[PDB]
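whatever this is, show me its structure:
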Amino acid sequence: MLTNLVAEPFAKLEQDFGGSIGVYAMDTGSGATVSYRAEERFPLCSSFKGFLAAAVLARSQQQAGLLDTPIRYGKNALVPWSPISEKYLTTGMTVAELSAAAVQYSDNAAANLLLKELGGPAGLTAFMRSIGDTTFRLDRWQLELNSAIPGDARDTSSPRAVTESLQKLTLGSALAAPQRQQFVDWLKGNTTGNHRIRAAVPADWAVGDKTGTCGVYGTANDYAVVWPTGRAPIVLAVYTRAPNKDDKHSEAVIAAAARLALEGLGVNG
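Residues are numbered from 1 along each chain as shown. This is the structure:
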């Protein structure tokens, strides 16, 4: 069996952080995995937005005009942390541009407009069910979806299910080939993850990712596809939480967990 062939000190890492860390990493060549708290639930925070963009792309396979459709919105749509959509309030943006902003800047107004167009939290959850993910659940609209309350299963998934779904969408057959490459390209252009999984990945390897930062309960995360040169790609997810509302998240802890995961797979980095 190919899970955790090499032990890594995840317990000491989460103890120093003062919380819990969940990790699942897959070598798509051999099938070997690294797994630590991988089936526990952790808050998604903004990381749901990557799967939202994939759901939009899936719909575009049946609606050739969807991605270029212009969307206008009012000032009431501009909630905190809407860095791209606030620059186009007076003009509108296309569905594709809103999707890119949601993925690459974690733009909240853009994500809310797209979620409404998909049928809300239940519509995104239905898309995840359609690719075989039985763990993911989105339950609320922003901003309370980021409340990260200990023990609350709303707006959560597991590191394992996040990785399995990411693999299906970026490397597998869940999206048609043009849409698959567009999803990969949006993730590759993310701007918010330079201190997380990317900090553990050599600069000469390709990588795409989506981050999340709830702002409470030490809760933050990142998931990524990584293409080391000369071998098959790696898919991984790192999620954190902590017991007290004012516990701080740590980007360094996410980068360190990613390093341990790559070491556990025997990937020289």
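
can you tell me the SS state at the spatially most distant residue from the centre of the chain?
Centroid-distance maximum for the chain: residue 90 at 29.8 Å, with C-alpha atoms, centre = their mean. Classification of residue 90 using DSSP: H, G, I helix; E, B strand; the rest coil returns coil.

and it, what does it touch?
For residue 90, the contact set (C-beta atoms under 8 Å, 6 or more residues apart in numbering) is empty. For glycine as for every other residue, the C-beta is placed from the backbone atoms N, C-alpha and C.

give me that answer again for 10 Å
For residue 90, the contact set (C-beta atoms under 10 Å, 6 or more residues apart in numbering) comprises 72, 75.

could you do residue 38 as well?
Contacts of residue 38 by C-beta under 10 Å, 6+ apart are 3-4, 22-25, 158-163, 237, 239.

looks to me like it is in a strand.
No: if the criterion is three-state DSSP, then residue 38 is coil and not within a strand.

now it: how far from residue 120?
28 Å (C-beta to C-beta, to the nearest Å).

also residue 185?
Applying C-beta to C-beta, the value for residue 185 to residue 120 is 27 Å.

thought residue 112 was touching residue 79?
Yes: here residue 112 reaches residue 79: they are 7.0 Å apart, a contact under C-beta atoms under 10 Å.

the two: who's more crowded?
residue 112 (22 against 15; other C-beta atoms under 10 Å).

now do the strands in the stretch 51-200 of the chain.
70-71, 93-94, 156-157 (DSSP state E, counting those that start in this stretch).

so can I have TSV of those strands showing distance to residue 45?
Putting these into TSV (distance: least, C-beta to C-beta, whole Å) gives the following:
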stretch	distance to residue 45
strand 70-71	24
strand 93-94	23
strand 156-157	10
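
and those: which comes nearest residue 54?
strand 156-157 (13.7 Å; C-beta to C-beta).

can you give the distance of that closest one from its chain's centre?
From the chain centre to the centre of strand 156-157 is a distance of 11 Å (C-alpha atoms, centre = their mean, to the nearest Å).

begin at 259 from now on, thanks
I'll keep to 259 as the first residue from here, and by that count the last item is strand 414-415.

what packs against it?
With contacts taken as 3 or more C-beta pairs under 10 Å, 6 or more residues apart in numbering; DSSP states H and E, strand 414-415 sits against strand 300-301, helix 306-318, strand 492-499.

having no further points to raise, I will conclude here.
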